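# A closer look at the structure
Below are the chains, spelled out letter by letter.
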Amino acid sequence: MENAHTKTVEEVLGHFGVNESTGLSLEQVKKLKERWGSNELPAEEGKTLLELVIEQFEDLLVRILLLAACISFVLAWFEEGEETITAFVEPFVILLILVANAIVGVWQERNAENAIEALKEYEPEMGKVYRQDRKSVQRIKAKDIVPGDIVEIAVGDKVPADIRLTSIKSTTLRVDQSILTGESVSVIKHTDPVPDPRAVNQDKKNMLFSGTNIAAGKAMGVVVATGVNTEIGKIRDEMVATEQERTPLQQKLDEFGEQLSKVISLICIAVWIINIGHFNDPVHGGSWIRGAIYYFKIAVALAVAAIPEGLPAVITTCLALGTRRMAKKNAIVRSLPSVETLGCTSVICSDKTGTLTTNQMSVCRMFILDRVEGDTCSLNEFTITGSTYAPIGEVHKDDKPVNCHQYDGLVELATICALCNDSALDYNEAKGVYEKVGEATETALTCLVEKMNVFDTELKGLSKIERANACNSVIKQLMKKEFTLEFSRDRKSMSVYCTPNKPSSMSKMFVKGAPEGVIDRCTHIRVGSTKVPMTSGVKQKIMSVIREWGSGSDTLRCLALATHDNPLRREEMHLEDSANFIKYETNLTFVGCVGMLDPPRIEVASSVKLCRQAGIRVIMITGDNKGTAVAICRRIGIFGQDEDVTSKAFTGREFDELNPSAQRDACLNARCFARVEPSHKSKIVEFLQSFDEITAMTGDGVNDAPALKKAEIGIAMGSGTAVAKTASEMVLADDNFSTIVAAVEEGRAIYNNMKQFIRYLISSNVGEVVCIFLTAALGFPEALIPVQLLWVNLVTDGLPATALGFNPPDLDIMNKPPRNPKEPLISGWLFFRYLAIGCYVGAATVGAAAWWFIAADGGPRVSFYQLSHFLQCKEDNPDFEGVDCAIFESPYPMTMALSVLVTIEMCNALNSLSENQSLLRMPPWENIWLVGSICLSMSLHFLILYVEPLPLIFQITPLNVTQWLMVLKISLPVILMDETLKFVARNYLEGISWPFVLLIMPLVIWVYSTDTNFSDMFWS
Ligand SMILES: [Ca+2]
Ligand SMILES: [Ca+2]
């Protein structure tokens, strides 16, 4: 109750009214369930809306527009009160794009958070308990655990709640409690109650802390506190403390963000400086102060246009899309920017079991020795059907279903399988399919015994529930176990001491482990029902079939099973160190060996092939035999079926017996590792990083945390420990290897979408800057006023720019070598692409304005000289006759310049679906969000042109069809010019959608029906 570690185990059982064996009764469970509450903590939402919005407005670029909106508001404080929605339009069209980007970023970020949270509940924490529903060990959800329930634990199996250890079945318990209180030291558990009711957590040597992890051993006990009463809900705080650790790309964008603002501020100053002369013009009012304020309004309005204020919104949108796509693929991304650096992965080191294989181990081949003939002998190679845990199948000698009792070896072999077994088979009635409780290898033996049915028990009339534990139950009733020995790494075996139930003592100490260790530690054969000494001939024959089973095209993991005919008594047994265990299993009697298949997932074979296609090296690191590991590598495609592996396959011992000069060169070439220990996994990361490589190490255990932290990218496991998850940048809920390759592909797509966004705004907004500077050089009248410049920013830098975050993945996204973070964000060739497009956009806007002045049917025919010197327009001027000075302030040239600038940048947005794929390969409807944004932006432009009260505000006027065709005649070639730029990059630097082509051909022909050209160019 209050002081759990003060009362005796019998006392706590009596207080709860529960027995260890039978467990809590159904009435007891339902009483306690509604009395205390479910074993869960009150989970709060991640971020509130207000703090989510403030996060949108914290970058430099967005904050700059907040200042410029404030400047434009205070600058418009000369005609106030009387004017309401006329002068204050300039601040409004700056805040409009700010909230348009913020809402999209907030909407996407909320959607990404929701996708993760639904994935958390998709796989529930599952706990093993004993109840009155069924006698055998059963699994229940962790949230359904109520105090007082008897709960068993094993290796791994994250502790559900505070439990009072009733008995320690294993020899020793290793528990890591650093996740909760920070003490990494392993603590020896015991049943002695702590005298101090307020004992320090360090003194708590008998409590399994809630939410912690168990390194090794199995224990039994009763849960005392569930949910809020656990110290994981009281002692710890909210733990709202995360470190961004800015991605090398994020540091680049911040550096590019500040570098751009320095360049933009220099340009906007230059606009003011190069416009000193036009300060005393009569249009400004004849006062120099008013002249210096108007051109300052252009200076800030150009800054609002030129600065890419959508950069924070498109990065958040791109990352949130990447996270949501991963959550749909059952992959939790803890830190949002980390999904970007996955695209940069160059080496993927992954464990074999669980990640590269389904971990659905099932016995398919097994053999026992038939007879011995001189040096050689004979075998009984059996084939057994059934690739799942369901205990249905028949054994085949060659093709015939064989009786169990026909062979004395089979019945003896099943006893070793069943008695040395530590797992069991559980029938999940909720899903209707059998499930494993414990190690997969051990559970495979359990269903093997049920299939054989050595005792020939009548299985026809038995229920489905008892099908799982029918043969194991009867075989254990006749023949019981006393105690077991812990499986140690050096021994590579696990043994058990047993004594028959009936008073015969015919005690046999069964063994089980790796074929190499067991065979070398046995000196006899149980040929049927007789003992035969081990010779040199049977040395090779047993090894020959095992290597054939393992190294063969079926990839069998074998386990030699033997018996200790004359074991030592428990008086001389020592349970202190692994040294005792290795010398306690000698002169064993080999009876036979089994074989389990671990089938690689169907999609793993293709994913490994795709990684080699994208330039990603895949390394498989496993504790399996080297011969088996190489065969499994060849099976999935890491190694070719006829490839030399004399320098790519390294074992743990082989790696260690090398000088560091060869070790470094080994990691450059090595593609698989076998029989390693957690010290090597961190060593491999260090050697790969020394090569300037981005590694994605896969780990699930507590000892893998140093490897995951040192790795550039750490990927945990859904069924793994909690310590690895908190030290990883990604968690695979589905425990699938192919999702790693999908994450790399998505990370590459996220980077490309930012490059398209940067390309679109830099190449378009530099054209806006060129327009103002080219006009000043040519002496032409002003092309755009501040409210027209701010409208172009709202239309062309807002939703159309952000929609590039939803771009479809590129065609050859996975056909190129991984990106190097060392190279700069923008290459030299991309600067040429930005300038070339921007140069045309700027020249198009000036040319469109001069088109109306010079060669327009509906306007005057002012020559180039009279336009380049329009400030000399005088009635008495000898070279100015037939043109009035009022025509140089008409809104047609500004509407011609505005509409071209908007439209030519909408067409440029169509060029930004891919860096090098033409519009023919990718039609614009691949990105339906972009097409919708383009249509909305053009709809907005038409709204302010042909709605009566609006054009006065923006100082523009409606355009007829003849002028609109000229807008399209100049805007369209930005597509053609960029297609040439893409074509040069496609071919000279290193499929056509016919329905799209036949759709735009009528458009191009109709637009290019007539043509108008200029004349008398003197200075240009
Ligand atoms: Ca802008
Ligand atoms: Ca723009």
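Residues numbered from 1 in each chain as written, not as in the entry; some residues may be left out. Chains lettered and ligands numbered in written order. Heavy atoms only, no water.

Here the entry title, as the record gives it, is "WT transporter state1". UniProt annotates the protein under Cofactor with the comment "Mg(2+)". (UniProt positions renumbered as here; feature names shortened; annotations may be inferred.)

Helices and strands together make up the secondary structure of the protein, namely 36 helices and 27 strands. Along the three orthogonal principal directions, the C-alpha set of the protein runs to about 135 × 65 × 60 Å. A total of 1020 residues make up the protein; the buried ones form 54% of that total. A total accessible area of about 46,500 Å² is found for the protein, and carbon and sulfur atoms account for 57% of it. Looking at charge distribution, the protein has the averaged site of its 97 positive side-chain charges lying 9 Å from that of its 123 negative ones. (Helix = DSSP H or I, 4+ residues; strand = E, 2+ residues; numbered from the N terminus. Buried < 20%, exposed > 50% of the residue type's maximum accessible area, 1.4 Å probe, protein only. Areas by Shrake-Rupley, 256 points an atom, 1.4 Å probe, with all protein chains shown as cover. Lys, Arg positive; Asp, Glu negative; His and termini not counted. Charge placed at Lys NZ, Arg CZ, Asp CG, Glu CD.)

Let's shift gears to the pattern of salt bridges. Tallying each qualifying case throughout the model produces 28 salt bridges. For the salt bridge of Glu 746 with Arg 325, the shortest nitrogen-to-oxygen distance reads 2.8 Å. Judged by relative accessible area, which is 29%, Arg 325 ranks as partly exposed. With its nearest N and O atoms 2.7 Å apart, the salt bridge here joins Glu 340 to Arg 819. Exposure class is identical for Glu 340 and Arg 819. Each is buried. Where salt bridges share partners, they join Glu 412, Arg 526, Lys 531 and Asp 565 into one cluster. (Salt bridge = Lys/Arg side-chain N within 4 Å of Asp/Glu carboxyl O.)

The coordination sphere of the calcium ion (ligand 2) contains the protein donors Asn 765 (OD1), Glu 768 (OE), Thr 796 (OG1) and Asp 797 (OD), at a distance range of 2.4 Å. Between the calcium ion (ligand 2) and the calcium ion (ligand 1), the interatomic distance is 5.8 Å, and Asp 797 donates to each metal, bridging them. Here the residue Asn 765 occupies a position in helix 26 (residues 738–778), and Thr 796 occupies one in helix 27 (residues 786–797), the gap between them amounting to 31 residues. Side by side, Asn 765 and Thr 796 carry an identical accessibility label, which is buried. (Donors = N, O, S within 2.8 Å, 3.2 Å for Na, K, Ca; no water.)

As for its position among the elements, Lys 352 is in helix 11 (residues 352–356). By relative accessible area, which is 2% here, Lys 352 ends up buried. Only 2.6 Å separates the side chain of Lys 352 from the side chain of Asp 624, close enough to count as a polar contact. Contact partners of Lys 352, with chain neighbours within four places excluded, come to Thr 357, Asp 598, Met 620, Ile 621, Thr 622, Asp 624 and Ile 632. (Polar contact = N/O pair within 3.5 Å; in protein donor to acceptor, adjacent residues only side chain to side chain. Contact = heavy atoms within 4.5 Å.)

Turning next to the UniProt feature "binding site: Mg(2+)" in the protein. According to UniProt, the "binding site: Mg(2+)" feature falls on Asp 351, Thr 353 and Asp 700. One can find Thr 353 in helix 11. Residue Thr 353 is classed as partly exposed on the basis of its relative accessible area, which comes to 34%. Setting aside chain neighbours within four positions, we find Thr 353 in contact with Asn 359, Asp 598 and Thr 622. Examined against the element boundaries, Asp 700 turns out to sit in the loop between strand 25 (695–698) and helix 24 (705–710).

A few words on the nonpolar core. Counting 158 residues, the largest nonpolar core has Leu 311, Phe 737 and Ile 758 as the members making the most contacts within it. If we ignore the near neighbours within four places in the chain, the residues touching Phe 737 are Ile 348, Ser 350, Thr 355, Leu 356, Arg 601, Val 604, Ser 607, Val 608 and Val 618. Listed in part, the 42 residues of the second largest apolar core include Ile 384, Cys 404, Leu 413 and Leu 561. (Core = buried A, V, L, I, M, F, W, Y, C linked by side-chain atoms within 4.5 Å.)

Viewed as axis vectors pointing N to C, helix 3 (residues 49–56) and helix 5 (residues 89–122) meet at an angle of 125 degrees, and their least axial separation amounts to 10 Å. One finds that helix 3 runs oblique with respect to helix 5. Handedness of the helix 3/helix 5 crossing: right-handed. Seen from helix 3, the contacting residues are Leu 49, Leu 52, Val 53, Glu 55 and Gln 56; seen from helix 5, they are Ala 102, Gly 105, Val 106, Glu 109 and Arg 110. Broken down by class, the residue content of the contact of helix 3 with helix 5 amounts to five nonpolar, two polar and three charged. (Axes fitted to C-alpha atoms, helices over the stretch in contact; angles between N-to-C directions. Parallel < 35°, antiparallel > 145°, perpendicular 65-115°, else oblique. Left-handed = near helix turned anticlockwise from the far one by under 90°. Nonpolar A, V, L, I, M, F, W, Y, C, P; charged D, E, K, R; others polar.)

Once that is clear, we can look at the packing of helix 29 (residues 828–855) against helix 35 (residues 973–987). For the pair helix 29 and helix 35, interaxial distance at closest approach is 10 Å and the crossing angle is 165 degrees. One way to sum up the angle between helix 29 and helix 35 is to call them roughly antiparallel. The interaxial crossing formed by helix 29 with helix 35 has right-handed handedness. Between helix 29, through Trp 829, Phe 832, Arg 833, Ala 836, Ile 837, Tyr 840 and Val 841, and helix 35, the contact on the second element is made entirely by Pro 973, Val 974, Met 977, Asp 978, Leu 981, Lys 982, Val 984 and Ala 985.

Every buried residue belonging to helix 2 (residues 26–35) is among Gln 28, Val 29 and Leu 32, and all of these are buried. Along the long axis of helix 2, the arc covered by the buried residues comes to 100 degrees, so they all point the same way. Among the exposed residues of helix 2, those pointing more than 90 degrees away from its buried face are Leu 26, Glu 27 and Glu 34. Considering only its buried residues, helix 2 is in contact with helix 1 (9–16). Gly 37 lies just past helix 2 and shows a positive phi near 130 degrees. (Arc of directions from axis to C-beta.)

Another point: the pairing of strand 19 (residues 530–533). Two faces, one strand: in a regular strand the side chains alternate between the faces of the sheet. Sheet topology places strand 18 (residues 522–527) next to strand 19; four bridges connect them, and they run antiparallel. When the sheet's bridge partners are listed, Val 527 is paired in strand 19 with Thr 530. The turn linking strand 18 back onto strand 19 is made up of two residues, and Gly 528 within it adopts a positive phi angle of 65 degrees. (Pairing = 2+ DSSP bridges.)

For the structure shown, the criterion picks out one disulfide. Each sulfur in the disulfide pair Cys 873 and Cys 885 lies 2.0 Å from the other. With the S-S dihedral at roughly -95 degrees, the linkage between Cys 873 and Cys 885 falls on the left-handed side. Residue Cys 873 is found in the loop between helix 30 (864–868) and helix 31 (891–910), and its partner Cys 885 is found in the loop between helix 30 and helix 31; the two are separated by 12 residues along the sequence. Judged by its relative accessible area of 4%, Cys 873 is buried. (Disulfide = S-S within 2.5 Å.)

We now examine the pairing of strand 9 (residues 347–351). The element strand 9 is extensively covered by neighbouring structure, given that five of its five residues are classed as buried. In this sheet, strand 22 (residues 617–622) lies alongside strand 9 in parallel orientation, the contact comprising five bridges. In the sheet register, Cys 349 faces strand 22, and the bridge partner there is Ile 619. Relative to strand 25, strand 9 runs parallel, the two sharing three bridges. Among the inter-strand pairings, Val 347 is bridged to a residue of strand 25, identified as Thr 695.

Looking now at the packing of aromatic side chains. Applying the stated criterion across every chain, the model contains 28 aromatic pairs. Linked through ring pairs, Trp 852, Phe 853, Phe 870, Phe 880, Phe 888 and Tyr 892 together constitute an aromatic cluster. Of note, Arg 570 hangs over the ring of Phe 483, and the distance from its end group to the ring centre comes to 4.6 Å. (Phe/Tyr/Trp six-rings, centres within 6.5 Å; stacked < 30°, edge-to-face > 60°. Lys NZ or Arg CZ within 6 Å of the ring centre and 35° of its normal.)

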